[PDB]
């Protein structure tokens, strides 16, 4: 399918969005409502994800998390706002989106001319630090700059799943916005947290990996 929504563990699902360059996002099906992790590429791709969500649960989509300011994590925002979902991010992500959205849209369209020239749609729930959703079962945190200055991780403690965002993935990928020297420092700060992790979901390439994906990418970026 153009997009798939698949259970990883209990309420924790992975989204494979095959539009444009494949990106993987996540969904958490909570008792009172649904949390989307990563807005997907466009308002149309967001609508496609919502269609899949409405075959699994009738509960409202409460919020979407922009895990960075880039088009693959924030492009769907207009759609999510249009159906009453809050758009959630860190202060830094919101700040960078405000200043740099035009630039990232232009960059995206250089490789993907078919990609729409999307207007800015900012997060409207903006956090000064780390934050949780779903009564602490969805835990967003910043461990430093990497693929972008602002990219965050999302951890699901009950299921021991870490969403890797654009930070963790199989291939070196795009380094145009990256802090290449900070990248391994951020991955080491992450590993120093000693989170129980059974599964890491890569934000690009094949989603399902073990905790070793962290060390895999760390080795790649040190050689870049």
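Positions refer to the first chain, counted from 1.
In this entry, the higher average B-factor at the C-alpha atoms falls on 166-174, of the pair 58-66 and 166-174.
Here 132-140 and 70-78 are compared by their mean Cα B-factor, and 132-140 comes out higher. In the deposited entry, the Cα temperature factor of residue 92 sits in the bottom third of values across the chain's modelled residues. The deposited CA B-factor of residue 151 belongs to the lowest third of values across its chain. Sort the chain's modelled residues by C-alpha temperature factor and residue 17 lands in the lowest third, per the entry. Annotation for residue 43: CA B-factor lies in the lowest third of the chain's modelled residues. In the deposited entry, the Cα temperature factor of residue 202 places it in the lowest third of its chain's modelled residues.
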